[PDB]
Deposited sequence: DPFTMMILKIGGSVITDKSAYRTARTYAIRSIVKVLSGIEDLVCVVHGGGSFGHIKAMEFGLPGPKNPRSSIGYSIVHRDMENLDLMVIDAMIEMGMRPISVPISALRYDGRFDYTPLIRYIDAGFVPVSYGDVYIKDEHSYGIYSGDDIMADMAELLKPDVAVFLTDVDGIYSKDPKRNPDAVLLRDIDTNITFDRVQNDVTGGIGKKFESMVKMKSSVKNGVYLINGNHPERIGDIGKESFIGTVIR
């Protein structure tokens, strides 16, 4: 009855302002996560601790002096964000342990052996969108969503949840066009995330959910008539 969960950068950071964390949201979300008894792995996105320097330094992209310096900066930044989520989890008495993708062997897939040892021993491993060395000439950025896809394939969990700062997948950006309709249900019969969630669904028995991280208690409404967000089925 395992759950894997991603905390979206859009909801724990202000995506428009470099290194701006939203501490309340982090705490508010972690409080709900700590009550989830079968939560086995947490991932988080980077928002303003990721995307802004990545774009400025040429990540992902060819290796060169600027992108090599950017590699160290973006990872350091993502570590700083990660420690705020780790501190909140420790406060709620969880047993988190961060396992950064940057520290794993990569040979086209990442060697998640250390993360699986942590789950087996009863920890909740925490990982996050990160830089990695994709090949001799290229640095890549592996996103929180890519990590979720990988966990979904490896663990075959019962449920996978993504928290973002809107209520679900809509017909159109609910922030620009105030008309947009909520797709409360998508049948296997923002664009890249949607594509990853659909792909994942074939490994996730009981559905992949997008939920508003600003109302994290909605996670407890999964499977109930009061649920608000998107289920991919």
property	result
Unmodelled ranges, which are counted on the deposited sequence from position 1 and given in order	1-3, 193-205
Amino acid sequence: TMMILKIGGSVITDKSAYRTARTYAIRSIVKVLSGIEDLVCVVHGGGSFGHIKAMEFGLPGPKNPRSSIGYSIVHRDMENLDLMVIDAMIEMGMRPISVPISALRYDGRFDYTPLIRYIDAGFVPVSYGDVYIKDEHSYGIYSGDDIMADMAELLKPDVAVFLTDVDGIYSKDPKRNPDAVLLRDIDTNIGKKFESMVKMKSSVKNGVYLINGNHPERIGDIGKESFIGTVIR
From here on, numbers count along this sequence of modelled residues.
item: Between the two ranges 32-40 and 197-205, the one averaging a larger CA B factor in the entry; value: 197-205
item: Mean temperature factor over C-alpha atoms, higher-scoring stretch between 130-138 and 78-86; value: 130-138
item: Residue selected from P65, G46, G191, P60 by maximal Cα B factor; value: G191
item: For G168, the third of its chain into which the C-alpha B factor falls; value: highest
item: Third of chain Cα B-factors occupied by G50; value: lowest
